[PDB]
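Because only heavy atoms are used, hydrogens play no part in the values below, and waters and symmetry mates are left out as well, while side chains stay in. Lettering of chains follows the sequences in order, A, B, ..., and the numbering in each one begins at 1. When a ligand or atom number is given, it counts from 1 through the structure's own listing order.
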Amino acid sequence: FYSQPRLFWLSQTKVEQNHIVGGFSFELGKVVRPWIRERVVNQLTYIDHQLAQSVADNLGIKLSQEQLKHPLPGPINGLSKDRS
Amino acid sequence: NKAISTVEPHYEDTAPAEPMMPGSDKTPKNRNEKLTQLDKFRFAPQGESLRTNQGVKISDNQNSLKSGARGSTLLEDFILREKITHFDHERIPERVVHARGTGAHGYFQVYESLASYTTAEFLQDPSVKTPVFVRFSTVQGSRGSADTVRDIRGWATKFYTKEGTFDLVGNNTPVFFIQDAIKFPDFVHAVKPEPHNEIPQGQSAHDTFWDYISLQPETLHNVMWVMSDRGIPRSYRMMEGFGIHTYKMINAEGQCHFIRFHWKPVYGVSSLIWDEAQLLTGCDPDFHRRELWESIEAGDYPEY
Amino acid sequence: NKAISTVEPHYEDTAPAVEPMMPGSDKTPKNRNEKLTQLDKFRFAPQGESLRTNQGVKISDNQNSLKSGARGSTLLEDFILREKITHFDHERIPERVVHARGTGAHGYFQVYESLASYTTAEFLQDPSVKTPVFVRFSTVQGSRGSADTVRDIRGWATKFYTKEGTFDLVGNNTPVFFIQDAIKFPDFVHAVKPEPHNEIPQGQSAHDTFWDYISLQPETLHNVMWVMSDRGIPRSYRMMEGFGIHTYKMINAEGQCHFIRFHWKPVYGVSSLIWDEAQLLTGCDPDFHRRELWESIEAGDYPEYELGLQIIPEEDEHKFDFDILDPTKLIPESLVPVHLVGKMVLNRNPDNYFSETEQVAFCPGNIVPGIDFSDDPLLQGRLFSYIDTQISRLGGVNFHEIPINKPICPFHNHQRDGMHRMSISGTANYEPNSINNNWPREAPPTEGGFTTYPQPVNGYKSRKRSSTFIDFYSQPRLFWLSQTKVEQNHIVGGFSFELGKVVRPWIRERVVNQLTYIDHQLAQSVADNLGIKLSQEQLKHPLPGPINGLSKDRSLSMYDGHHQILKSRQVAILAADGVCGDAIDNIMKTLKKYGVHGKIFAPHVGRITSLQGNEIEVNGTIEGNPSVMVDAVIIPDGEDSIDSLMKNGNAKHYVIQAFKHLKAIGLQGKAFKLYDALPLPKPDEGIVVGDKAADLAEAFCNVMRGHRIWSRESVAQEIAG
Amino acid sequence: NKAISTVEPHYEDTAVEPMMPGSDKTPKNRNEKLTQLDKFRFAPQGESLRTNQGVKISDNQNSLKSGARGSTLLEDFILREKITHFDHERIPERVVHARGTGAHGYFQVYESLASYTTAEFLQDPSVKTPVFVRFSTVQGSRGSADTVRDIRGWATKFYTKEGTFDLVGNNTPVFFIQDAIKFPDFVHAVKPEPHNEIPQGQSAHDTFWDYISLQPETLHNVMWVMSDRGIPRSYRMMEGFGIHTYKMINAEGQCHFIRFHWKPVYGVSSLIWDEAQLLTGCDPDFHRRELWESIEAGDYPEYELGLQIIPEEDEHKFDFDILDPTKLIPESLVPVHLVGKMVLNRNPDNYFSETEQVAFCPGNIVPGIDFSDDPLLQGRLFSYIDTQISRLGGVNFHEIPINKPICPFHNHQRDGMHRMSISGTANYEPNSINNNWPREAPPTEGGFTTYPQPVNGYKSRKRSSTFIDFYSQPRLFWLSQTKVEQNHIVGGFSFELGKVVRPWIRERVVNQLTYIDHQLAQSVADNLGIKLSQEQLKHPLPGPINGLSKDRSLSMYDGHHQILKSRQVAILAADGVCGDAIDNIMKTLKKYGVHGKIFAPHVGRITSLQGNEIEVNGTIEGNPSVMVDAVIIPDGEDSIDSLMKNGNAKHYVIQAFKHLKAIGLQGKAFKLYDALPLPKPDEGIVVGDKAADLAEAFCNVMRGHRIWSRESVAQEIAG
Amino acid sequence: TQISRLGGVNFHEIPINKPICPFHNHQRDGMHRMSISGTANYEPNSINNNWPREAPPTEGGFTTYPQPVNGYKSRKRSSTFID
Ligand code: HEM
Ligand code: HEM
Ligand code: HEM
């Protein structure tokens with residue numbers, strides 16, 4: 001579930017990454033039940049650690065050291081990013 | 001006077017002796033075989049009398065039939081009742097997803113025979129002008145919801161081939177949210193307006209959608225796509241398209257290749273930014289629909 | 001393996017071991033009536049229940065299709081899949097042909113004292129009775145996903161579930177309608193709706209075909225005036241007026257007939273947005289009105305309205321300078337007063353929007369004994385439409401058996417069958433019969449059987465507009481002369497903005513020409529905004545005289561003839577980390593003392609920390625909740641909080657936008673530095689600065705009583721924002 | 001004045017037994033489903049006539065007009081609501097089996113079947129599982145006649161605690177086709193031809209026999225419908241079959257192959273063709289009425305559920321594919337274990353609300369039962385739910401009261417036309433906002449699972465080679481028939497083909513017959529004036545099926561019981577009949593559970609020679625002999641004389657004779673028979689002077705159902 | 001009745017029901033709309049010069065014969081019917 005989201009994340013320009021952080025934060029900021037926001041941020045820690053941290057900051061969510069050490073997926077057929 | 005006349009039957013001209021217009025009015029030279037088939041269902045009302053659906057000429061389209069001019073409307077006014085009955089039943093159900101959409105006519109040509117991979121007729125001869133109809137759409141909103149929302153965009157192409165109608169029903173991202181079709185009602189229900197209050201319109205920014213996402217991590221890839229600026233395209237002319245699924249192509253030898261379908265826009269891939277897209281839903285909820293229609297009327301024909 | 005467990009059957013708990021909006025049974029179960037109790041039998045309690053097929057078979061695996069192997073082809077024999085997908089595939093029903101966009105609520109109605117002198121209608125006889133109601137508010141033009149705060153007429157449909165039958169009062173929020181005869185309705189609607197080639201525009205009369213129809217049908221000008229006014233952009237379904245529009249008859253027990261017209265008068269006052277605010281609000285909350293109504297009931301700010309009647313004896317029918325059967329004519333309240341005869345409260349949201357709000361069916365034909373129709377030629381045509389449209393919208397002639405539409409009194413008859421027949425009849429299906437002793441039986445008039453008042457009918461069969469109807473300009477003038485100067489400017493703004501989107505110039509010219517028969521200043525001001533030079537003759541155009549002694553009527557002006565209510569309003573509290581916690585606590589308490597809802601908007605959600613190390617829950621981001629969503633803005637003190645906000649363009653824009661929208665702005669202490677940095681002028685009567693938060697909040701609240709700072713309108717035009 | 005009142009509002013009272021709604025006539029016969037239906041019932045006694053909105057109506061005699069002689073006004077909402085509902089009463093008829101009848105009852109298992117299946121309704125003999133049953137023909141539309149020649153549908157809805165299970169079968173053990181894709185082709189062939197919509201309720205036309213002639217797979221079921229099985233005497237007196245092989249799965253996970261059977265307690269009995277066709281004329285509601293009246297009489301339909309049980313390892317041990325729906329499993333090879341009993345004991349209250357709106361589908365299985373790979377059945381699974389979408393107006397047809405389960409049915413489905421349920425919890429799974437209720441149920445807690453059958457093959461459109469056997473089972477069925485049953489088969493083919501206009505279709509069908517049995521073909525060919533080639537006469541005939549050439553159970557009269565109870569006897573009587581004869585006949589009839597109906601030249605009461613008055617059941621003219629199983633004529637000089645002046649009453653005797661029925665003649669009644677152009681009395685003409693004696697002898701003759709030996713001389717009778 | 005029997009308000013477009021004369025008007029949409037309209041869908045209009053147009057009675061536009069109407073709104077069987 002996470003290798004292709006990570007591949008997408010790392011193929012983005014910095015600007016594009018910032019707008020992805022904005023999407024999650026704006027959308028999750030309209031979610032009333034806090035455990036849903038915290039669970040979504042938890043899923044983001046399996047994709048990229050900075051993405052999770054940037055989004056959790058915008059939601060007032062303190063990431064745990066366990067979360068910040070969540071394993072990330074490896075390359076896909078030796079590929080870490082794709083320009084397209 | 002001529003105030004009295006406005007409420008009496010109108011037998012005189014009303015026009016005094018460029019706005020968007022139907023395609024037959026603005027681009028009658030843009031023809032294909034499909035459009036020609038449609039010609040016989042078109043109307044030419046110039047000079048024609050207003051009539052009932054049974055062909056009966058109407059003398060007075062301003063007043064119900066009554067017991068005197070200040071009287072009670074009579075059940076025997078078949079004209080009123082026909083006119084009102086038709087109006088009362090104009091609406092049909094909107095599509096359960098992609099309710100909000102806009103369509104246009106065109107044509108497709110293959111570059112060179114793909115006989116080595118497929119026997120499909122419309123991919124054999126570059127000289128054939130295969131008529132298409134395309135419907136672009138959002139996904140979540142109902143049919144009055146705004147164009148420039150953050151959402152997946154649907155992209156459905158109907159190829160009218162000599163060997164059958166082939167539909168390529170894709171989106172503007174290369175993956176989807178779920179893996180098995182048994183989850184689709186659950187996923188759609190989660191993203192749609194919530195069942196108690198039917199809020200929010202045209203937005204995944206609500207609890208039930210992210211509840212589903214959090215419990216179904218297979219969704220994360222396409223979620224990444226729609227949270228990016230791919231979810232707010234600048235124009236239907238400026239996004240990519242994807243069949244998403246692997247299909248098969250079978251050539252005349254019976255050899256199968258696995259295939260995936262792409263649409264690459266000749267006008268590039270460009271998007272709004274979120275704040276501009278949100279403001280556009282307020283001042284032109286019809287922006288993409290307007291833009292496509294006007295781009296065709298200007299000669300900036302969508303090419304993919 | 002936990003990733004694997006998500007795609008396998010879920011047999012374990014999923015929940016963790018501001019409150020969100022919820023079904024009315026969850027939030028307000030104590031608010032009851034007889035209709036809601038009748039609906040209880042259709043409710044479900046799934047707690048502890050297995051997921052099942054519609055036939056009642058338990059499902060073991062809601063995650064996977066049945067396939068030829070784990071990685072194979074889907075089998076046709078998977079009946080669970082196909083049942084689930086089939087139901088989904090056929091969820092949608094046709095939307096209403098007009099008023100597609102709407103929102104509903106439950107409540108009750110009570111009559112103040114018996115109206116038995118005027119009507120035998122059961123629901124107006126006994127003050128002790130609580131009559132259940134269901135109400136659907138709506139726009140007119142937009143499809144079912146269109147935005148709330150558009151410029152449109154609002155529809156207002158009340159279903160009274162009386163013991164003598166279901167009574168539908170199907171009205172709008174303006175006292176007149178656009179056309180005089182039902183036969184024109186599809187023409188007018190087609191003209192206002194999106195245009196047929198491209199289906200543009202959504203939720204807007206600002207396009208060619210609408211104004212084309214207007215310029216050729218001057219009967220429309222009166223109701224056009226209303227919707228071009230701020231009446232067309234209401235702040236809340238709780239803060240608008242309601243009207244049945246048509247003249248009805250009321251019949252008492254002696255057979256005497258009184259002509260009447262229905263009114264709803266809001267207890268929370270009459271308040272509107274301003275156009276630029278309303279537009280932006282369609283952008284950032286298309287569900288604003290719907291959400292606001294839902295939350296107001298959950299907060300206990302229950303919509304309250306007084307039912308009013310204008311009562312005209314039968315002999316006074318021809319005593320007016322207009323036809324009371326003309327639905328483009330209102331009856332001035334200075335001529336015929338509105339008698340407040342009862343009150344309605346909406347106090348319970350639905351549990352399921354589709355089962356209740358989408359499927360409800362109202363029709364003007366649904367009257368009760370004691371009320372009768374007039375010869376209003378629009379009303380007469382309306383009686384046919386509502387039952388007819390419902391045949392396709394709700395799937396056939398048994399839509400009255402849908403739970404929300406069911407009466408709460410009996411309803412035996414000889415009708416049978418039809419699609420979705422739910423009742424099971426076992427007696428003779430024809431009258432008269434002897435095999436069941438002719439039950440059910442006709443009821444004599446003296447026992448409550450419906451009878452039409454024997455009005456005389458004299459004339460010749462004809463299609464002709466009554467000459468008493470040929471007056472298209474006197475009441476649009478009366479409306480204009482009744483408006484304050486600010487209100488007239490917004491009228492001019494409405495006409496100008498809408499005409500400016502009209503592509504064909506001659507349509508714009510012909511509409512302005514119509515305006516020259518209503519008022520010359522109105523016409524000229526609209527012409528200027530459109531680059532149209534009016535002719536000398538056009539400025540010479542004859543204007544209509546007064547109406548039964550009246551040049552104007554204070555009741556026609558919203559801001560000069562109706563109250564503004566502070567309770568239930570919304571206020572944005574702009575704060576960041578480092579805010580003074582005492583100020584927030586004192587501001588919030590003061591606002592709630594007056595029924596005003598304070599919402600903290602911060603640069604992030606969750607909690608902000610005060611300058612005292614305390615954590616304050618935030619209602620949302622400033623980004624997510626722009627100023628058009630609140631009635632007023634207050635910024636409390638805190639050195640770190642004001643500095644953070646001065647580095648935030650959204651924050652700064654909030655105050656600029658609130659200023660331009662003529663709203664109250666409160667600034668505590670160092671927060672005035674934030675206002676000083678903005679290119680806004682010296683603080684006006686709608687800018688309040690102080691340092692003690694409680695005293696500041698009190699003065700703020702007092703400013704909010706005025707609704708909007710109208711005097712600021714001129715300087716706000718120039719402000720960049 | 002009173003004439004005037006009939007067109008004014010009716011405010012006053014206006015008021016052997018007639019057919020009535022089930023609630024009126026059998027309220028004491030109850031079950032869980034009928035109790036659930038009670039909420040939807042209405043009692044208008046003492047209630048006002050009202051609109052659909054609950055407004056009382058004062059004048060149900062007149063439209064609202066401009067004056068008593070004026071124009072009707074559009075504002076008359078009462079009239080327009082009333083007409084509007086009437087205008088939209090009709091919903092689409094079923095595409096097949098449009099003509100049908102329903103009744104409520106219950107089912108009881110004899111002993112737990114836990115060894116073979118986990119299905120809840122087959123676990124506990126103390127449970128009474130409610131059922132609703134619809135019987136039907138196949139070809140005809142809604143108004144077509146009951147006693148046509150056709151397959152009969154037999155759909156049972158079992159309302160179980162673990163779900164609604166539908167057993168949708170027919171009254172024969174095979175079907176006409178092997179693969180669902182051919183269903184629209186077969187139905188179009190049998191249905192009325194598309195240009196002229198002729199003929200109604202008959203397979204006797206060109207397009208049907210055209211299809212038969214080009215699709216030999218159809219011959220087996222054709223043999224059944226050309227037999228007397230195609231014209232059952234009564235829905236109470238036919239067998240029933242699910243046809244397809246289903247699976248049964250027990251708690252260990254063991255799979256048995258299963259075939260369902262219904263065996264009638266009242267025996268298996270049929271009409272004869274001449275009689276059946278006459279009956280579509282004189283009572284097109286005969287089977288519906290008979291079932292309704294049998295329930296009201298107490299002659300409740302009863303059927304035993306049977307199963308043929310085949311262990312999974314035995315699937316390939318037959319000379320036919322058990323997955324082939326044109327094959328039956330002979331009861332000589334695999335016997336039918338009677339596992340339960342079904343009793344029909346309550347008529348509906350409203351035909352439309354219950355019988356018309358009921359929805360059955362073979363895909364409505366429950367845990368413990370599963371599907372097989374029978375390619376007909378697999379296609380049926382898609383079709384039943386899909387068809388209901390238009391027939392019953394949307395996807396909420398399960399909320400229509402007759403279609404509701406009696407167990408819970410929580411899920412995340414929402415909306416759709418005419419949604420009755422009001423949901424207030426999360427409409428998606430998985431959710432946390434409602435802790436994921438409703439929840440999936442583990443297989444050990446009753447969650448449905450598919451048995452993990454192996455799947456090996458290539459994706460292809462191909463008929464399995466094990467399906468390609470078209471004539472062996474038709475030959476087995478032919479060889480198992482008695483000789484009277486063989487002749488009626490021949491008469492069926494000959495009458496039907498006689499109405500085919502194109503002669504080559506007739507010759508092509510006869511050619512098919514030569515691959516079944518040569519004398520069958522020869523007999524039909526002779527009837528149609530067709531000369532059979534000698535090549536045709538020696539066409540090769542199929543061999544025995546697992547060493548079997550006949551199967552007694554395939555014959556109705558040789559293989560099954562005939563029951564005397566519930567049959568109907570016409571008693572022809574006029575004024576002047578001997579009253580003591582009638583009493584003695586009735587008392588005897590009743591002793592055996594037979595129903596005596598007095599048919600007389602006029603309705604009301606007839607006077608006996610003793611001067612007592614006797615209540616008449618109907619006129620002779622109105623109730624012809626085809627409506628009864630036998631005829632008895634009591635003595636009485638004036639009665640007999642009146643009957644001999646009556647052409648119908650004389651014809652009554654001639655016709656009953658031709659139809660091989662038992663006729664009893666008392667005393668001077670024999671005069672009437674003797675005056676007729678009829679041969680001398682045979683075993684079926686009971687003559688006596690003592691009424692009681694005569695009746696006992698007459699009842700014993702009835703036990704044989706028909707006097708088959710009379711059939712040859714019956715064809716020379718002018719009646 | 002024909003709204004449900006024939007599937008909606010365009011049953012006049014089913015071939016057997018179509019008239020053989022012209023039949024232009026401002027009606028639109030409805031289930032199974034066959035014809036494709038491209039002109040103004042309201043009357044009066046100026047953007048297509050109010051075509052299709054009402055027809056004067058002396059040009060064959062339907063008119064109701066002006067029979068006198070005199071009575072009281074009532075549900076009553078005419079005395080002249082009681083035979
Ligand atoms: C692979 C992911 C999918 C894509 C890219 C996709 C694409 C689309 C598009 C573009 C449309 C709109 C077509 C139009 O303009 O009329 C559409 C409609 C629809 N889709 Fe999907 N879809 C997907 C998955 C699903 C699934 C899993 C289901 C459920 C089984 C589903 C059911 C529907 C339905 C019911 C409609 C409405 C069709 C109609 O009313 O005409 N789709 N899909
Ligand atoms: C007096 C002017 C009128 C007012 C105030 C009015 C008001 C309304 C309202 C409030 C609704 C929406 C009710 C709801 O579902 O919540 C509505 C629906 C409707 N009206 Fe009107 N209307 C007027 C005139 C007309 C006319 C002249 C016609 C045409 C004959 C018409 C036909 C309809 C129809 C067909 C609907 C949709 C009903 C449904 O789908 O259930 N109305 N009207
Ligand atoms: C073994 C062969 C079959 C048998 C025994 C059988 C039996 C029946 C019966 C008894 C009914 C009437 C149910 C009722 O009373 O409501 C029926 C209806 C029907 N069957 Fe079949 N059928 C068979 C094959 C097929 C096939 C192959 C199809 C098509 C795929 C089909 C489609 C239908 C349809 C559409 C209905 C109407 C259902 C409804 O409207 O409720 N059946 N079947």
Going through the checks in order, is the side-chain hydrogen bond (donor to acceptor under 3.5 Å, both in side chains) test met by D:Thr164 and D:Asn364?
CA-CA 7 Å; D:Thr164 295; D:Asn364 294 333; over 6 Å; no
Steps toward salt bridge (charged side-chain N to carboxylate O under 4.0 Å, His left out) verdict (C:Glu358, C:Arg96)
CA-CA 9 Å; C:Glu358 194 59 25; C:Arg96 302 154 169 82; 3.7 Å; yes
C:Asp89 and ligand 1 - part of the residue with a heavy-atom distance under 4.0 Å:
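Near ligand 1, C:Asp89 shows its side chain, while the N, CA, C and O stay back.
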Out of C:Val360, C:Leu378, C:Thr357, who gets a non-hydrogen atom closest to atom 27 (C) of ligand 2?
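Of the listed residues, C:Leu378 has the closest heavy atom.
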On a heavy-atom basis, I'd like to know which of C:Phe88, B:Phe136, B:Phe176 is closest to atom 3 (C) of ligand 1.
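Shortest heavy-atom distance from atom 3 (C) of ligand 1: B:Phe176.
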C:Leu379 and ligand 2 - part of the residue with a heavy-atom distance under 4.0 Å
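No part of C:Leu379 is near ligand 2 at this cut-off.
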For [atom], what's the nearest protein heavy atom and its distance?
atom	answer
atom 16 (O) of ligand 2	C:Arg136 NH1, 3.1 Å
atom 1 (C) of ligand 2	C:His246 NE2, 2.9 Å
atom 38 (C) of ligand 2	C:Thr389 CG2, 3.5 Å
atom 13 (C) of ligand 1	B:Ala156 CB, 4.0 Å

Around atom 21 (Fe) of ligand 2, what protein N, O or S atoms are found below 2.8 Å?
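Checking every protein N, O and S atom gives C:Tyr386 OH.
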Could you tell me if any non-hydrogen atom of C:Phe384 lies under 4.0 Å from any atom of ligand 2?
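Per 4.0 Å heavy-atom rule, C:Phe384 does not contact ligand 2.
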Does B:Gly101 reach ligand 1, in the sense of a heavy atom lying below 4.0 Å from it?
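No.
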Does B:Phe242 reach ligand 1, in the sense of a heavy atom lying below 4.0 Å from it?
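Per 4.0 Å heavy-atom rule, B:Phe242 does not contact ligand 1.
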Please confirm whether C:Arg393 comes within less than 3.5 Å of ligand 2 when only nitrogen or oxygen atoms on both sides are compared.
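In this structure, C:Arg393 places an N or O atom under 3.5 Å from an N or O of ligand 2.
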Is any N or O atom of C:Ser138, backbone or side chain, closer than 3.5 Å to an N or O atom of ligand 2?
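No, there is no polar N/O contact under 3.5 Å.
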Inter- and intrachain pairs under salt bridge (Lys or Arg N to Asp or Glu O under 4.0 Å), touching residues 81-92 of chain B, at least two apart
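For residues 81-92 of chain B: B:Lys83-C:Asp187.
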Has ligand 3 got any nitrogen or oxygen that is less than 3.5 angstrom from a nitrogen or oxygen of D:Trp154?
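No.
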Is D:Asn170 in polar range of ligand 3, meaning some N or O pair under 3.5 Å apart?
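Among all N and O atoms of D:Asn170, none is under 3.5 Å from an N or O of ligand 3.
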Salt bridge (charged side-chain N to carboxylate O under 4.0 Å, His left out) between B:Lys183 and B:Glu218, worked out
CA-CA 11 Å; B:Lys183 290 321 284 180; B:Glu218 74 202 56; over 6 Å; no
Is atom 40 (O) of ligand 1 touching the protein, meaning some protein heavy atom lies under 4.0 Å away?
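When distances to the protein are checked, atom 40 (O) of ligand 1 has a heavy atom within 4.0 Å.
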Atom CZ of residue position B:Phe242 - does it have more than 12 heavy atoms of other residues, nucleotides or ligands inside 6.0 Å?
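Yes, because the 6.0 Å sphere around CZ of B:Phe242 holds more than 12 heavy atoms from other groups.
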Between C:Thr357 and C:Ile404, is a side chain to side chain contact (heavy atoms under 4.5 Å, CB included) present by the stated rule, with each step listed?
CA-CA 8 Å; C:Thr357 304; C:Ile404 186 76; over 6 Å; no
